[PDB]
Amino acid sequence: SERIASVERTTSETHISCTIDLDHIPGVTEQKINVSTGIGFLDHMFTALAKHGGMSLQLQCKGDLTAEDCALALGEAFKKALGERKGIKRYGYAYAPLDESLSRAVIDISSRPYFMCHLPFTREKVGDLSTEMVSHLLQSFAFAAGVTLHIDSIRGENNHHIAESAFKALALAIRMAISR
Amino acid sequence: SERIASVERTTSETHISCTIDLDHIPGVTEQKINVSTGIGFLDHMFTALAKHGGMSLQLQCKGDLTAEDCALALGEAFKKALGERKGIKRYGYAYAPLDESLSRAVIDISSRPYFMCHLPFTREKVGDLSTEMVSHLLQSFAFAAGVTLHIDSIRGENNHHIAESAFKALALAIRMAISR
Amino acid sequence: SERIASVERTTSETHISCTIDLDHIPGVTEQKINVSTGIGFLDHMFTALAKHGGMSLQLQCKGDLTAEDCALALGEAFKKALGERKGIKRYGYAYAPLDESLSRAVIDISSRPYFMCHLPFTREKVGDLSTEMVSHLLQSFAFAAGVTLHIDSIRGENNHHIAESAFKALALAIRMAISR
Ligand code: EMC
Ligand code: EMC
Ligand code: EMC
Ligand code: EMC
Ligand code: EMC
Ligand code: EMC
Ligand SMILES: [Hg+2]
Ligand SMILES: [Hg+2]
Ligand SMILES: [Hg+2]
């Protein structure tokens, strides 16, 4: 029984739709990912999050071009799909390198939203997206998902690498935590 | 063949009994845990250690109400149950968060007792039990169990959370290390 | 289909031969390891690397008695045996203690050679081999293998222990990363 959930939100200025699948029929089915937030870099991060997290994800945000809202919808869908959380490993942790950067993610998929992080960015924006917003998106995701999450940059120079290594680490940790 | 072992100790002032099971018949049998040391907080820690470690544990200490002795009996039983240590993963490591706290445990289930830790407590006692005693109990457990163990608080503010996150991390590491 | 590869190199002063097997037929076949570099300590490290990495390794360097070249051949063979890298976990990480030392290794078996490390040695040589050369051998291995590797000494006093804990951690990380 696949863990699937869909979430849709509409305001006068934005429409957000998100569908997620936590599983796949081995051999038979495969991961499918389409992310369009209006921010190229964020799209890259959420895509990396879904790919390495072993999940399928449809996330589109239309409207006259904050982003926290897409992190929230994602977290909302993840939480619904997790449903009962019966039979899962629950605790997950992982390290992910990206050339010179190294990040760690530790997650407890319980029902206690909590978020701690250490991300020493050095520019103002990362490509399409603002750096200060990274910690906020992750907090939004964790709070909406109802999980306890700690994200830590171990070392890193390039803000893109720090950001991407963190999302990959979160992905691997989630993959570990949600497995049954 | 389940890994089970029992240990009983008697002095003029204390009686300690401890039975442990490292396995369970999937589907068929289930974890059973009963811990009564006379110190509520310690009971909470050893229970958390057994639960998340995938073990069954019976640990009772009667007598006119040090605690190190119960950590020692636990370690003694764990070691006996481990018996031959044939076919185990041997090395285990895990991270466990608890709201704002994050702890790590790394264990080598070999025959070299060793213990290193970093637990910056900030009060004198944690509920029913003294904080300075935490590192000692863990050392007693590791020495009695004959394992190499490193416990590290990564961050934490609440002494109860630091303590519990450390025991959970030790539990997950053990679960990894003893699996066959 | 076992992942096997052989590499041989000859100069006017040295002959290096290396054969590696990343797998074994469960029950049926078993790990076989023979390492002779001319440097006792290095032999100990590469042997530990193969043993705990779940690999079989034949590595011999003959000639009038730098070592980086043997790290390179090893990395070269590992890379060839990895071949297509299809179906592997790809990301691996592990912690390995050795009495008072604790080291971590994080590896991304992709096609991006990268190496970062933190190894605070305190002597000039470790037994048969020079300490400053450790980071270099690991870099040579990572570059030749085409992997992204981060090695970190968490704590340690004895240079032999720091060195060995690092190689064991690299081994466990590789074992995780190459599994299918
Ligand atoms: C503005 C990105 Hg949902
Ligand atoms: C708001 C904790 Hg990074
Ligand atoms: C005094 C607790 Hg065994
Ligand atoms: C006595 C080492 Hg924490
Ligand atoms: C000089 C060791 Hg290949
Ligand atoms: C040359 C990076 Hg340890
Ligand atoms: Hg949008
Ligand atoms: Hg007691
Ligand atoms: Hg040689």
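Heavy-atom basis, side chains included; hydrogens, waters and symmetry copies ignored. Every number for a ligand or one of its atoms is a count from 1 in the order of the listing. Lettering follows sequence order; numbering is per chain, from 1.
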Seminar exercise, completed: When rounded to the nearest 0.5 Å, the distance separating CG of C:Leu98 from CG of B:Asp108 is 8.0 Å
For this session: Output yes if C:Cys117 passes the N/O/S-under-3.0 Å test against atom 3 (Hg) of ligand 6; output no otherwise.
Result: yes
Problem set entry | Within 6.0 angstrom of A:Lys125 NZ, more than 12 heavy atoms from elsewhere | yes
Exercise. Do the ring centers of C:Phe141 and C:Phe78 come within less than 6.0 Å of each other?
Worked result: yes
For this session: Could you give me the CA-CA distance, side-chain angles and deciding distance for C:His52 and B:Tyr91, then say whether ring pair (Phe, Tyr, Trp, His ring centres under 6.0 Å) is met?
Result: CA-CA 10 Å; C:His52 305 297; B:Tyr91 292 90; 5.6 Å; yes
For this session: Let me see the working for B:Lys168 and B:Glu164 under salt bridge (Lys or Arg N to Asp or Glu O under 4.0 Å), right down to the final yes or no.
Result: CA-CA 6 Å; B:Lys168 275 168 177 180; B:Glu164 175 157 19; 3.5 Å; yes
Problem set entry | Residue and atom names of protein N/O/S atoms that fall under 3.0 Å from atom 3 (Hg) of ligand 5 | C:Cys70 SG
Exercise. Yes or no on side-chain hydrogen bond (donor to acceptor under 3.5 Å, both in side chains) for C:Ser101 and C:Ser165, after CA distance, side-chain angles and deciding distance?
Worked result: CA-CA 7 Å; C:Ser101 287; C:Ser165 62; 4.6 Å; no
